[PDB]
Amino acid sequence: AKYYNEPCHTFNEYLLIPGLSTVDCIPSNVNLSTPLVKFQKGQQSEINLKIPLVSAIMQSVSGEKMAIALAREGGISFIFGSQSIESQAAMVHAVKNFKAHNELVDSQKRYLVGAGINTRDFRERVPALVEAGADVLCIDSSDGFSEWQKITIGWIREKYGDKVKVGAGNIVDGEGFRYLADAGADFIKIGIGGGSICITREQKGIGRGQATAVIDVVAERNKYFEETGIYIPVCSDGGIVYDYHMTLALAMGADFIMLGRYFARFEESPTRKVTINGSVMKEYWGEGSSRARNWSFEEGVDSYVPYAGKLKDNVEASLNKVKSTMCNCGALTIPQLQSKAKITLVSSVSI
């Protein structure tokens, strides 16, 4: 077997050490744009988010309303694919034709929207998604280091060339990243086990601390860029517990962040608002729970998250803190933060 010199770590084990803050760095001047899909050196990505946040490919998170609400703030949602092909297409179509600011839109002023796909019914699902107007796709899986993802991406490239963007994952190391990059992925998703509704131990026992995973994949991605001139955006998916974890994920090299629990709390998530002993909550279940697969064990859990109100106010408060921290680190942009951030590990006792 193969072992490692250091144990893996989660975002909670890190802190940012301030850098020189210049007079021109104020939150309002911080630019949170970031690339969504791959491009060659000297070019810009064909799709740039206004904010580095995307909602998870989950039944309890990314519905029609979530996609519109998030696109309006500059991010993008990946409509869950764990439903009928026609149901998913309808949601995508409803978002693209909603208008029939930092809004994320296409050349027709229509909100951008993503859609999750699987390695099984993609021959029928992809065409429907494209026809419906999906701006980008993403293969949704707990272990993307699979020949099935290579086959899926390959089929897409053979029928649509580079006109259809498709993200792949999830992986947690340089090898997995490399495999999906050579396969043609437009962006690679990082993370196995970090999620909130994730009980890694009581499951398969596969995974890696999110911080270690991002740091390792980012180094491979940068190495890959130097060898081929191809820059592949990476997404840190899961493991975000506090707002500052967002800044950490970006500082470590992630171009954008995928969140489930965070967005599930909003009015715009597709779940039921439930009042439990004076507290308003929202339903939240993992895609691995039996509650979701049904569309003696269980890959995820079914629980509740506290109601936080509308997405807008919460995302604004979260990103204001990110912007402020970025200025503490001497960064006016995400690339500058990734370049200048001073990140330290914290001792067990400190926690």
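Start at 1 with the first residue shown and count on from there.
- Of the other structures of this protein that model both sides of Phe297, a third or more give it no coordinates.
- Checked against the other entries of this protein, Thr200 counts as unresolved in at least one third of those spanning it.
- In this entry, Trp295 is separated from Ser296 by 10 or more residues of the deposited sequence that have no coordinates.
- The entry models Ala100 and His101 with a gap of 10 or more deposited residues left without coordinates.
- When 211-219 is weighed against 134-142, 134-142 comes out higher, by mean CA B-factor as recorded in the entry.
- For the segment pair 311-319 and 296-304, the entry gives 296-304 the higher mean B-factor, averaged over Cα atoms.
- The PDB entry assigns the greatest CA B-factor among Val234, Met252, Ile171, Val280 to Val280.
- In this entry, the residue among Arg178, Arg125, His245, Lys189 with the greatest C-alpha B factor is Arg125.
- When the modelled residues of the chain are ordered by C-alpha B-factor, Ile26 sits in the highest third.
- Placement of the Cα temperature factor of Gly63 within the chain: middle third of the modelled residues, per the deposited record.
- Sorting the modelled residues of the chain by their CA temperature factor places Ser289 in the highest third.
- In this PDB entry, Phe256 carries a Cα temperature factor that places it within the lowest third of its chain's modelled residues.
- Among all modelled residues in this chain, the alpha-carbon of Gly167 has a temperature factor (C-alpha) in the lowest third.
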